[PDB]
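Alright, two takes on the same chain below, each alone as structure tokens: structure 1 and structure 2.
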Structure 1
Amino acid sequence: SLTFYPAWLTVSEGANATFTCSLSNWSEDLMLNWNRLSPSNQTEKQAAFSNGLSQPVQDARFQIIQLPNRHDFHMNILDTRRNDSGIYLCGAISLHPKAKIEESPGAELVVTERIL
């Protein structure tokens, strides 16, 4: 099972936004995904994490960071901008015994004006 918190988070443009994806099980070869619902309501991958490496699809601002306990990860958006505002969720792919995929509930990010 996967949880993704905060369910609702607000940060000012330019600041980083950090979500936490928590897994109920973890393995070295586990594959982590950070997704965002598109305007057309489709799940699009923002970044993936595997073998200790955060891999951006096209925007390096989306970092996936494994926390010390190893089963929790920070989905860190660097230098947020207004249009990062939207719905996100994380997913985990087990690349062991048999491929198993699961996704967490979605969470909302609201990026407001830059602090004056």
Structure 2
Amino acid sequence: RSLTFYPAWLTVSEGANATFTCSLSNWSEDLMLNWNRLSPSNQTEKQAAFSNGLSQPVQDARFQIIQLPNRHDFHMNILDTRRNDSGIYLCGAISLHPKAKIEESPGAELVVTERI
């Protein structure tokens, strides 16, 4: 299983939604999908998790994950972008059973420009 996270570099104006796609090579019900932000220092920061059919925001519900009818592709939406949303994002997949595994997409960049 490998994950892709595109578009690789996306720009929107402040106030507008931004949508990336997290694409898995296969999906199953026991997977945990994490939506992560990369820190200046390069640490991961959880924005939202998707498991048991539901996306759960960590602290801001502007970060939402929608599963596509496809089932293995997910929209990662940052609704109503702000300037401070700019940065590097990625999705990570977490297997628990029978073997703990973390799989991470490459990062994608979001640039949020001045409100139009």
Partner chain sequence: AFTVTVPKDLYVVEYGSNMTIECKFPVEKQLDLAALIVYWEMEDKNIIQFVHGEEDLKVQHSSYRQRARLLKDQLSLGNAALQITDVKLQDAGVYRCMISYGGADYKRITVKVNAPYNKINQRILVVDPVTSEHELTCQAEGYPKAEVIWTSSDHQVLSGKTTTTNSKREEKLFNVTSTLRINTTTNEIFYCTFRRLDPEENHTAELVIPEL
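Residue 1 is the first residue of structure 1, and the numbers go on in sequence order from there. What we label the rigid core is the largest C-alpha set whose atoms superpose within 1.5 Å from one form to the other.
- Both panels show the same chain in isolation, but it is structure 1 that comes from the form deposited without the partner chain.
- Once both forms are overlaid on the rigid core, the distance between the two CA positions of residue 9 between structures 1 and 2 is under 2 angstroms.
- On core superposition, residue 58 has its C-alpha offset by 0.5 angstrom between structures 1 and 2.
- Overlaying the rigid core between structures 1 and 2 leaves the Cα of residue 29 displaced by 2.0 angstrom.
- Lined up on the core, residue 41 has its CA atom moved by 2.2 Å between structures 1 and 2.
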